[PDB]
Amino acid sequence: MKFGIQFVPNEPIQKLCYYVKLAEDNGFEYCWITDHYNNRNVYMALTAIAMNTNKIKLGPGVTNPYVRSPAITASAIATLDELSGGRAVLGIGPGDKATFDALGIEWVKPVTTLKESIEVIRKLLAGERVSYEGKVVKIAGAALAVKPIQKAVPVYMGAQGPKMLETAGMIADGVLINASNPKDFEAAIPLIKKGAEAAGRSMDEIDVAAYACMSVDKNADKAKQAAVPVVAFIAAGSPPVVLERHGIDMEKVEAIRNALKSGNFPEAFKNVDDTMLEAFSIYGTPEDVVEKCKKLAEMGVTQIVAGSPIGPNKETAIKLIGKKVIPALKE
């Protein structure tokens, strides 16, 4: 099994570089840095990370077609791939409406735009002069001078709905699924397979990645507590098909949703229960986490991304995962 790690670049980039280099030392193979306008720029963060790392794969996790021209994304990826000696991955997803309303960006046809942007980025990265007259992306003779080192930089697609999952199956080298429980991938993976089948692609060409909320501790209950704030948000933003799939107490969810609107948090955090924790996080001892990763592996997950909080102390957790989780999951 492959392990990724995901960071929001919301701290001094030096601290981020320490965490990633630590992750690299601990056998993490993918480094995913989120891309939101209000934090440190994802590509500058990834530049510093590249300089402090040597082998971990690294890229935006995820960027989107809208906040920069896909052509800019292409050459940012090319640049990253040059600096890192060929370790770049492109995680790219739809973005979100609450970002694009804030930025005055029209959220046009997200499936179509993501598909067309991935195709344009790929062609640009391949060195082509691109003429692409899509429904949304319209490129007329663009060409990169900067070249990646990889022949084909991997493109990971953020995918939640069925059309996105199928599209990821047809076009993407990996699928980034914000989900921590096997039930989600039991539903998700056949959709990826339909898209793969539609393109004649084997599933072994496709890295199904769990963008999981993870919290590992030598003490299971402290792992629990660090998971609680993050599960509260995940549970609030989960679509009802995901709540229903997991039998989530729907009354607790709306009290959490309410208290989040109310800007107060301990009450929202008080209503996360053991069921939502099981559905939206991988928490507990390294033993707890290892069994849970195996259940995801058995469901077809090939990359598990340790997302926030990682653990009560991120440094302590990265070390624990490297010592006692990743070695327990070597094919």
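Residue numbers here begin at 1 and follow the sequence given.
Enquirer: Out of 69-77 and 192-200, which one has CA B-factors that are higher on average in the deposited record?
Expert: Stretch with the higher mean C-alpha B-factor: 192-200.
Enquirer: Hey, which bit's got the bigger mean C-alpha B factor in the entry, 322-330 or 2-10?
Expert: In the deposited entry, the stretch with the higher C-alpha B-factor mean is 322-330.
Enquirer: Please pick out which of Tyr37, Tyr30, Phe265, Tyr43 has the largest Cα B-factor as recorded in the entry.
Expert: Comparing C-alpha B-factors across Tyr37, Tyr30, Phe265, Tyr43, the maximum falls on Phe265.
Enquirer: Which one, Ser117, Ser84, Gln150, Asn258, has the peak C-alpha temperature factor per the PDB entry?
Expert: Within the set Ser117, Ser84, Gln150, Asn258, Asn258 shows the top C-alpha B-factor.
Enquirer: Compared with the other modelled residues in the chain, in which third is the CA B-factor of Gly300?
Expert: Its C-alpha B-factor belongs to the middle third of this chain's values.
Enquirer: Which third of the chain holds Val272 when residues are ordered by C-alpha B factor: lowest, middle or highest?
Expert: Its C-alpha B-factor belongs to the highest third of this chain's values.
Enquirer: Would the CA B-factor of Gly141 place it in the lowest, middle or highest third of its chain?
Expert: Middle third - that is where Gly141 ends up once the chain's C-alpha B-factors are sorted.
Enquirer: Taking the chain's C-alpha temperature factors as the reference, tell me which third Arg122 falls into: lowest, middle or highest.
Expert: As the PDB entry reports it, the C-alpha B-factor of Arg122 lands in the lowest third of its chain.
Enquirer: Looking at the entry's B-factor column for C-alpha atoms only, identify whether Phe100 ranks in the lowest, middle or highest third of its chain.
Expert: Middle third, going by the recorded CA B-factors of the chain.
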